[PDB]
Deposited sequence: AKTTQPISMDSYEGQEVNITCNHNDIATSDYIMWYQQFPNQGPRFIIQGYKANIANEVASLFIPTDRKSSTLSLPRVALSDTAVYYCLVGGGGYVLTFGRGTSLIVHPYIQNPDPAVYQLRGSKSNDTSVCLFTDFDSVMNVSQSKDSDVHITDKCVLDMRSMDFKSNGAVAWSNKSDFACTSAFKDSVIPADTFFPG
């Protein structure tokens, strides 16, 4: 009834994702259930089963006869499939113990990278400097004085495809966008206008 699963998982858009859960003390009455959660939202049911394989419109689950592991498969993943996936087992069916879960991130496939770091124009009233790392295929700052969001994905409905991006900003004395994110592994071909 206590489940174990990978902490994180990466995937490219369109591939099939397989998450593997472990329940070695599964009792006879226990079903296997998988829930999904977006940030800021109520968990959402995916699939449940007792044995063998189950399959519905959204995902599928395989259970070996030994019943002590299970594998959730997401068939052709969209970016709207980025979420935390919980594996639950038993409880008489209605008491749900959610665990840490697995954090699934689905990434866009990038035709041609064009890694560049741009500086942004803040209004004359504000003196905050804002740097935007963009169009690559990203780590935190060691400095308390610098803020960096983690990777975020952009989709332009009129446009053909998607784009990766990250934003850093600071009020530091001599903040240059030159080296704002280098606690991270920058591509050699990164464009730095200056």
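A.B. asks: In sequence order, which parts of the deposited sequence are missing C-alpha coordinates?
C.D. replies: Gap vs deposited seq: just 138 to 141.
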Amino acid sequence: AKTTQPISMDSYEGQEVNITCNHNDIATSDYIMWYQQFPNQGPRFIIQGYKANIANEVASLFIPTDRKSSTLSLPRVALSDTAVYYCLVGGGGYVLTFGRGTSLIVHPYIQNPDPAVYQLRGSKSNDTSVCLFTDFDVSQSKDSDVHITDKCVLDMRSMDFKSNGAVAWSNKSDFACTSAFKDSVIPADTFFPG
From here on, numbers count along this sequence of modelled residues.
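A.B. asks: Higher mean Cα B-factor in the deposited model: 60 to 68 or 159 to 167?
C.D. replies: Here the higher of the two C-alpha B-factor means belongs to 159 to 167.
A.B. asks: Would 181 to 189 or 9 to 17 have the larger average of its C-alpha temperature factors, as given in the entry?
C.D. replies: Comparing 181 to 189 with 9 to 17, the higher average CA B-factor belongs to 181 to 189.
A.B. asks: Pick out which of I110, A83, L88, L79 has the highest C-alpha B-factor in the PDB entry.
C.D. replies: Result of the comparison over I110, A83, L88, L79: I110.
A.B. asks: Looking at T28, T149, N126, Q36, which has the biggest Cα B factor in the entry?
C.D. replies: Top of the list by C-alpha B-factor: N126.
A.B. asks: Taking the chain's C-alpha temperature factors as the reference, tell me which third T134 falls into: lowest, middle or highest.
C.D. replies: Within its chain, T134 is a middle-third residue by C-alpha B-factor, going by the deposited values.
A.B. asks: When the modelled residues of the chain are sorted by Cα temperature factor, does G101 land in the lowest, middle or highest third?
C.D. replies: Answer is lowest: the recorded C-alpha B-factor places it there.
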